[PDB]
Novice: 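The structure is given below, and queries will be raised subsequently.
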Amino acid sequence: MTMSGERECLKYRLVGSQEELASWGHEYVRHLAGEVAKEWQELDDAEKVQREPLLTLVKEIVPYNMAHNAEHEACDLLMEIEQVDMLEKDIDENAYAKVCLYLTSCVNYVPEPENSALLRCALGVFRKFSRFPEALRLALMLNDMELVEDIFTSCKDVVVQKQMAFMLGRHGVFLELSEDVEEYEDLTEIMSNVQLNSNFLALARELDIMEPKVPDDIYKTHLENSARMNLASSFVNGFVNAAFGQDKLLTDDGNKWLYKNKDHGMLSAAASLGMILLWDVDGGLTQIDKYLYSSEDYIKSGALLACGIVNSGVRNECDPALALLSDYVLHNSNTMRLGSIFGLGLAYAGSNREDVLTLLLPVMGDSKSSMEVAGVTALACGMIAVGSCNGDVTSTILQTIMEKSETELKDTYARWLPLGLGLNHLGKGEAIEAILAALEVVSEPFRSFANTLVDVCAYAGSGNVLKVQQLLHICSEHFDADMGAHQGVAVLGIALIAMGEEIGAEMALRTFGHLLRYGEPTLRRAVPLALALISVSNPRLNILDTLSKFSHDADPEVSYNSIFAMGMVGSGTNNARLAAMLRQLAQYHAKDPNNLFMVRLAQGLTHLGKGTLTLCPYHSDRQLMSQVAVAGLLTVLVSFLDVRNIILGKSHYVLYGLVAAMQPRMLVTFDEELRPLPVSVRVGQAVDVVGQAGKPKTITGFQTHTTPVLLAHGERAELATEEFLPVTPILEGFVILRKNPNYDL
Amino acid sequence: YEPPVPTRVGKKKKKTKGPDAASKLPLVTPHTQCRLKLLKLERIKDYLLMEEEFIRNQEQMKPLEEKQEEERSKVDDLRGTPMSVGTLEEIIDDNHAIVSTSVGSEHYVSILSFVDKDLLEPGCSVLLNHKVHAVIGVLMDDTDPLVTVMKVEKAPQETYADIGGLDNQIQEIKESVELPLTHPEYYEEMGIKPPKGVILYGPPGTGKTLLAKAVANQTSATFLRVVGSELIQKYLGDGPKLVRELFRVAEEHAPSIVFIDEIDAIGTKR
Amino acid sequence: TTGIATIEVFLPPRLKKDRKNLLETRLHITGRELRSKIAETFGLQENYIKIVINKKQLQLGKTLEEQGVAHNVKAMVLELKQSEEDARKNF
Amino acid sequence: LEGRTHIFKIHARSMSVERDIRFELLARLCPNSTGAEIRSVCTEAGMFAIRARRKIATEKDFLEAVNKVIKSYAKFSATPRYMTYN
Amino acid sequence: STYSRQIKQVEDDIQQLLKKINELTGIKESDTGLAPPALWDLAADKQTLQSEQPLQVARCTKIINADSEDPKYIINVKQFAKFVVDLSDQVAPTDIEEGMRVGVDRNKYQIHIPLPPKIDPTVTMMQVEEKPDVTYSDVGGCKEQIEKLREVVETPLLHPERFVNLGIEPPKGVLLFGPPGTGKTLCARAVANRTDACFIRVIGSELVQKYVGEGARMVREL
Ligand SMILES: Nc1ncnc2c1ncn2[C@@H]1O[C@H](COP(=O)(O)OP(=O)(O)OP(=O)(O)O)[C@@H](O)[C@H]1O
Ligand SMILES: Nc1ncnc2c1ncn2[C@@H]1O[C@H](COP(=O)(O)OP(=O)(O)OP(=O)(O)O)[C@@H](O)[C@H]1O
Ligand SMILES: [Mg+2]
Ligand SMILES: [Mg+2]
């Protein structure tokens, strides 16, 4: 134990006395286990007849480590020897939480195949102990649909299944249960989020914020010492009042306001009317119908897209959006088409519905379909089939991409064609090699753009430092624009990959700063988009100050992207400081219509849903990635790579892709009969509880509120009292509480 | 003509002072020497490797004019020598400010890019070019002699063991000035902020200042000692000014303990 | 069975009725008759409702079998503000 | 009385109090007391609970806090002198 | 303990890497108020140093022959001097008024830019830039008092349209009084937290000054 002990300290313990290991000391057995791992790495296949005593040593060391609360040290031993499998055999009821927590905290850094190995091992430990909600969370992290189905139907507790259904509905994952399953109706309704609108409205009534907000109350022009202005104000009205169902400006007679906008503004403004009716399909379509019959070309298609916006995030058994939008995907007018595919994509995002995809796919190949229409179709079909690796969508997107001429690919709408392709394989990983080989035949510089986009989307939210190294190598060689388009995609990809875990994101912030410092305009025109993607709905002061330093940038595109990133970073946070900065920018950019429009967009985002909504793609304590939210954010941010022509041009409706990422920052405690149940809870900044044993506090700087409270980014919530037991450890979204038998004993 | 509009919100400097700056590496948990801490450290290391390679490449193909030492030399040339010390009177714009030199003459000059613009507040000492008076820096103000006067540089040698019979008093003062710093988790878990203020009263010689010395011995916070009679000044408004500056210095060195000894002497003595 | 269709229909939450409710009718009838009997069977005004069958808008003129309706099919009811002819005449 | 009960609820919101704290009784026990005295009562009840190495403050702790703050410290109260000025 | 050696190895590597990065990028000085080199626009700094001339701050005193096409402006350049100058070609004649601060060049002292009035830095710092962490929900037992305060100090600013229509002039002053600890400053902090207009906190003891008439000067500038 004292000197190096290379193949020695193990050897004599192996050949000598084989009595109980702990009889020779905790430090000695720790050294012995370290040596066991070291020599296990050395041993080859032919030395399989050398591990006979080693298995006995590990089978005795693991219970010893768990006996003296050294569970984490035990975990490393089986991790190094790649034999974590037997761990589940020796887990006791006093340590399953700690070992599972440590193994899950480790998974964000170990690469494949140890990623899935650790994930499945912790899943098995949870399943053995009947901890169904966390097992379902863990399987969702594994995107194993068969395992999701098995976990859901294995549990016999109806209430636990209801909570798991709530988690699945929040994640955007849906299951087709059998009618033989008890409580099929309510379980399906929970998983379809049909009650999301009513729950949100009940919260808002409880949180007395039902009053509509005019964009003037956000602008606050009375404290300050056009078609674009009207369009920006309609966007602000849609964002602030999102999913509320009431507005003083469009829910009233909005024809004067709606016609106050001109050209494609009427496209977004009418579509904005669908944002206030988000998740309220039944009531929302009742207001869309009036504008569905408008003679003006823009109004009808704007209402068509508002239909899908209204239906976005909620799965209706009788598909309304498909019915209202099917008859306009091959319309002669490109605007009616444009609205229809985008609405259909928003409505059925993350569904992989073969009927919708078959209805939508020939639109891309239609001769009358313009490049804008083809890009919109690609974005939609990607959003329906996000992370599904759909063969049909991949094949047709490849056909559309290689059918276009080289001069046709110069258009930036073609940039949306790989994105949907990338959306198809979002988070899949190494399933793109065939796709990359297919893309190799595409002409350049569009080939580099497409390859970067699909590769990043494949490695989205993985933290693979190798892919980040490749992206930084792409960003390294700068070109004295046309050839350098994919550099912005690589900059966005650094964020798209590093967003998985906190350490990687904070590390990548410095890299983004260096890219902004040394990079070319096209290189630095995407750093704000990367900052927005990596810190969406998370208004930490470092990113806000970094973006503010470049808000008044010499490059107009950098300024626009920085302002929009400031809006996205504090999106839905209702941050007072960020509101003050945006007001100051509006005063500063008063004479610049583009910068003022971006400032108004940022102001609208900052008060998204009156501060009750978030665009963050990560839920379940920032461990579960929502593929639909990632798809929407990716759509908006990649479209912002050409903010001059797409956002500030005629295609600002793409901002409604953010609708795919809108979720309520929620904590609603339900009874076992799904009625609301106000409970005292403590909300405070989350504290990492890996390592330190015993009971460490998981929240710092907390306050006690009644349960219908909004959780900020990084804010955990723990039940203040012990009267109720939560069905799931994660107190986010809709949580069911059960009366504690121990309480009031 | 229209007045310039600043892009910064407010007119005061950034509240944060003396941070780790660019060395703010993410806090890796757990501190225990486990494989997860090992993996987090490796991840930080890989990000640093990627950053190092990228920066080396960029500086490699950067022009000879644009180099770190070359840009620093150009900054020195732009500042020139000598660098006059003026007073930031007003921030007209992001890159424009009214500054007054030591001779009392004001100038509407331009703030250059390399100036730390978050260090600029009205009344702060700025460094200006000798010829064009353009703001070229912000002078880190030296510690005031009064700052030295309050601050107790060396902890007193009197400890709690040197105090006899004041068990309850020691407990009460520890619950307010020592326990909140050593064990804040008690207060956080109880949901109460610690007792705000403490006054020690009693007949002369009973050990009030001795207990304050014992607190100053075993405190990790900056200790400022002020006698009440020191708050009586010779000029109007100088007393309130001294109190305001004492608590400003207390705020600067947070966490801190302000010991206003013999407070009654402000009123009992004329 | 015997040419009668079990159409499960969805009602708006404003009409606080059983959302899982069933309608029974022929298929030789057309969308007009189906809309009228849907309005009658759950206390609704016929002039302000749109009907959704088979994920398609209910064409009123065409009869059910030629529409594409089948057994155990899902139906959806949309409350309307301003009638179709009145909305069209509005501007 | 209603205002004092409301202040007690405000300052003891994040407290780890017991289940049956009679805040109305505590408000009745300090007839003429400022909100600062009520905040100090809550803080001293928490301090009494902490000193006994308890994670939950009982009603007895609040009663001792009232005795220490409202009664014992009443010599130094600024209230009786200052309501002649107001 | 088995990872301790590798922990220290990678930690020392990280520290050396951080030092190496700081070698190429920057982060140094910080005593002469130098910004990080990522914000150094040196070419623009040189162009500003050449093109943008310094301007001495003076005060206009009298405009002679303002009606005609040759108006002469008497300026008082602080402690420097007094001059009779003319406006530059880039300043409108109506943009300069008697008694206002202007900025002039150092060669012919022609008025180049009208300037904001001089305000004492102590007065400037009195305006609140970080709103307090107290809302109206943290004040109990003051329902009527809070309502009366809000309908004077907050409601007219938030919704002035409700007052102008009825020819109503809202009160422009509120005095909160009561025994110590009753919540006067707490309600003021709540107002400052909820307000959107400029909030200035003045403590009466801050208006006491050493010299005669200085406190009145601070009030006037406030
Ligand atoms: N209870 C005590 N135990 C031990 N030493 C004590 C005690 N009380 C006083 N002393 C000694 O008396 C010395 C002087 O007392 P000290 O200055 O602390 O008293 P004080 O109550 O603060 O008086 P004053 O009102 O005059 O400021 C201390 O330095 C200490 O050595
Ligand atoms: N009505 C109240 N509701 C809740 N807490 C209160 C109330 N009144 C006072 N407090 C508490 O007591 C403290 C007393 O401080 P505060 O600033 O309100 O006093 P004040 O009335 O300004 O006193 P002084 O006249 O001495 O300046 C507050 O910080 C708050 O924590
Ligand atoms: Mg003394
Ligand atoms: Mg006060």
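The chains referred to below are lettered A, B, ... by the order of the sequence lines, with proteins before strands, and numbering in each begins at 1. Computed over heavy atoms, backbone and side chain alike; hydrogens, waters and symmetry mates excluded.
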Novice: For residues 27-34 of chain B, please give each side-chain donor-acceptor pair under 3.5 Å, one per line with the distance, not counting sequence neighbours.
Specialist:
residue: B:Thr29; atom: OG1; partner: A:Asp688; partner atom: OD2; Å: 2.7

Novice: So do the side chains of A:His478 and B:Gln58 get within less than 4.5 Å of each other, counting heavy atoms only?
Specialist: yes
Novice: If you count heavy-atom pairs under 4.5 Å between each of A:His514, A:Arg682, A:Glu501 and chain B, which one has the most?
Specialist: A:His514
Novice: Under 4.5 Å, counting heavy-atom pairs only, tell me which of A:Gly463, A:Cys75, A:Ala505 racks up the most with chain B.
Specialist: A:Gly463
Novice: Among A:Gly519, A:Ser476, A:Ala508, A:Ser551, which residue forms the greatest number of heavy-atom pairs with chain B at distances under 4.5 Å?
Specialist: A:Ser476
Novice: Using non-hydrogen atoms and a 4.5 Å limit, figure out which bit of A:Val689 sits close to chain B: side chain, backbone, both or neither.
Specialist: neither
Novice: For each of A:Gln587, A:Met581, A:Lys697, tally heavy-atom pairs with chain B at distances under 4.5 Å, and name the one with the top tally.
Specialist: A:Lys697
Novice: For the side chain of A:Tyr102 and the backbone of B:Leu36, is there at least one donor-acceptor N/O pair under 3.5 Å apart?
Specialist: yes
Novice: Would you please name every residue forming a side-chain hydrogen bond (donor to acceptor under 3.5 Å, both in side chains) with B:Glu69, sequence neighbours left out?
Specialist: none
Novice: Can you list the residues of residues 120-130 of chain B that sit under 4.5 Å from chain A, counting heavy atoms only?
Specialist: none
Novice: Would you mind checking which part of B:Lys14 comes under 4.5 Å of any heavy atom in chain A, side chain (CB onward), backbone (N, CA, C, O), both or neither?
Specialist: side chain
Novice: At a 4.5 Å cut-off on heavy atoms, which part of B:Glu185 comes close to chain A: side chain, backbone, both, or neither?
Specialist: neither
Novice: When you compare the side chain of B:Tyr47 with that of A:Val468, does any pair of heavy atoms fall below 4.5 Å?
Specialist: yes
Novice: With A:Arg517, which residues qualify under salt bridge (charged side-chain N to carboxylate O under 4.0 Å, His left out), at least two apart?
Specialist: none
Novice: Strictly below 4.0 Å, N to O, side chains only: are A:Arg510 and B:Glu51 in salt-bridge contact?
Specialist: yes
